[PDB]
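Written below as structure tokens is the structure these notes are about.
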Amino acid sequence: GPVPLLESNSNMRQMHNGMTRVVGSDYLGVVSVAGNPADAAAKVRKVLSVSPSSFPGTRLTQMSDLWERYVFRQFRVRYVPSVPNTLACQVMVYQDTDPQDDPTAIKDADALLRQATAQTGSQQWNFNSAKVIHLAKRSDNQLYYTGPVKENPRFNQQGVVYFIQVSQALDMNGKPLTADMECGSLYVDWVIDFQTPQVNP
Amino acid sequence: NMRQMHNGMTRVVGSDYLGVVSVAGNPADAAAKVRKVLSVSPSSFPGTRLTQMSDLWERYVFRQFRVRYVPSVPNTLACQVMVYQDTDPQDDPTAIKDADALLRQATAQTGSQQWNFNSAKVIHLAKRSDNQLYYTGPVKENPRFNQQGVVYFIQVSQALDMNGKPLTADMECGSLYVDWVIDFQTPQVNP
Amino acid sequence: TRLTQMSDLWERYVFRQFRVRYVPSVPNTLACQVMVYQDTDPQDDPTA
Amino acid sequence: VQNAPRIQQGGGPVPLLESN
Amino acid sequence: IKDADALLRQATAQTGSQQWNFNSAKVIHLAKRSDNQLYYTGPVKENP
């Protein structure tokens, strides 16, 4: 047809609008638990941003820099224990859709634990066993920017994950644990939509 | 922990900058007339979006891979040049002792093209009926498990100025670009 | 295994299935946390 | 009457040993 | 055999084989032979 001929010597690279699903899973990190929490702010144990770009050296961050905007279709945190059943401690995790809250400002532990128990999708369990945790949906379906924070976090992150210690790390014989324990590790099972391709600084 | 398996192919579109091209005014070494050579493979370039994409899957196939030449020279200058995309990585053109056999071989390939470097051009790959998949990443043994082929930029004519005369020194003459489309399979990270 | 003896009687093969199944030897009074996977690229070598 | 989302308990027993 | 893996694999082969944790009881059977030969009693003499 005419088109291959017109193509033959005109510099027109095509535009490429459109979505792109990608699926994967990644290893986020190790998690510790102190024997004698008392700072109240110390009860929080592992905050995380819920953005593709925030976990260096993973497949997510590598892929994330190559586009412009993103939306998770599911973001499912998973926890794998590395502790003997004889030991005792209790733990909860919750995801929060609003990046600007920061629980830690509260001076009393009870209010932290109660705020955590509130909000849908929250989870608490013994730190001896595996569990799985979900995001809540947002009806509007906004796109979010990729990359490191610039001025306002709300343009970027869909949310924040909080890993919160409850009770105290505890030993056989029931003495409170000295120092720290490696406990377990966090994982992610994700699906994402990307929009317009690029590279960014 | 229902860690799930996936076996689908993932379509992806993009384009990237392959670099500068230059031309000597009076080639005579015959093997000097071949001018530039590039691997046709993901993960064979520094800093492109494509090489970064490359490491995150096991296998790939290009669906199109059109090289595009953009001139950077005034109309007063002129020379003829050729480009082609061999689909066999191990054929190696340089072994030929004669300029003529080189030009003939280079011309015989499908999709190879010839033009003045005054102006823009576009060039395609051949397709294959195997639907064979290629491994991503650097050669370990045999190019043939990796590369779909090799790209050659080859000079033909001398390099006349205005008033039809050769120029004393080689010079830059535009640059290469690549539009592309790819399928990937199983996700991973190469060691 | 019987299969490795069987295998020399033909030129070519394809697995349609290959389920590994780990079997514990240890009481719940111990822990290590372990992972397993099946790379499909025989040239790839983690050790490097 | 107006319901609010509920907590919903789960989990189960852990054996000293899994025979195989 | 000089290698442990081959021993364990030969053991796993053949019908009626059994593997388990050494903490618990198990029961194990013979395979039948269709011919039904008689066998001699007493200590070995020449051929087992």
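Residues being assigned to a loop (DSSP other than H, G, I, E, B) and under 17 Å from B:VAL67 (Cβ atoms) are entirely absent from the stretch B:129-146. Among the residues of the stretch E:27-48, those that are within 17 Å of the chain's Cα centre (by Cα) and either surrounded by 10 or more Cβ atoms within 10 Å (Cβ to Cβ) or over 30 Å from C:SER25 (Cβ atoms) (or both) comprise E:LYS32, E:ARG33, E:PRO48. Would you check which residues across the stretch A:112-142 are within 14 Å of A:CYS89 (Cβ to Cβ), of a type in the set (A, V, I, L, M, F, W, C) and either within 10 Å of chain D (Cβ to nearest Cβ) or free of Cβ contacts under 8 Å to residues at least 12 places away in the same chain (or both) and list them? A:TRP125, the sole residue that qualifies. The test for being of a type outside the set (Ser, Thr, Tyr) and over 14 Å from the mean Cα position of the chain (by Cα) does not hold for B:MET82. Number of residues in the stretch A:160-200 that are surrounded by fewer than 19 Cβ atoms within 10 Å (Cβ to Cβ), out of contact with any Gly (no Cβ under 7 Å at 6 or more places or on another chain), over 30 Å from B:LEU50 (Cβ atoms) and not hydrophobic (A, V, I, L, M, F, W, C) equals 7.
So, A:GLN90, is that one more than 14 Å from chain C (Cβ to nearest Cβ), within 30 Å of C:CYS32 (Cβ to Cβ) and more than 19 Å from the chain's Cα centre (by Cα) or not?
Numbers: more than 14 Å from chain C (Cβ to nearest Cβ): yes; within 30 Å of C:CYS32 (Cβ to Cβ): yes; more than 19 Å from the chain's Cα centre (by Cα): yes.
Against the criterion (more than 14 Å from chain C (Cβ to nearest Cβ), within 30 Å of C:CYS32 (Cβ to Cβ) and more than 19 Å from the chain's Cα centre (by Cα)), A:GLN90 qualifies.
Among the residues of the stretch C:1-14, how many are in a loop (DSSP other than H, G, I, E, B) and either among the acidic types (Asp, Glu) or within 14 Å of chain A (Cβ to nearest Cβ) (or both)?
The qualifying residues number 1.
When A:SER53 is tested against (1) of a type in the set (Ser, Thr, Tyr); (2) closer than 25 Å to A:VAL149 by Cβ; (3) within 14 Å of chain C (Cβ to nearest Cβ), exactly one condition is not met: (3).
Every number here is computed from the coordinates shown, using simple stated rules; none is lab data. Note that we place each Cβ from the backbone using ideal geometry, even for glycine, and neighbour counts take in every protein chain shown.
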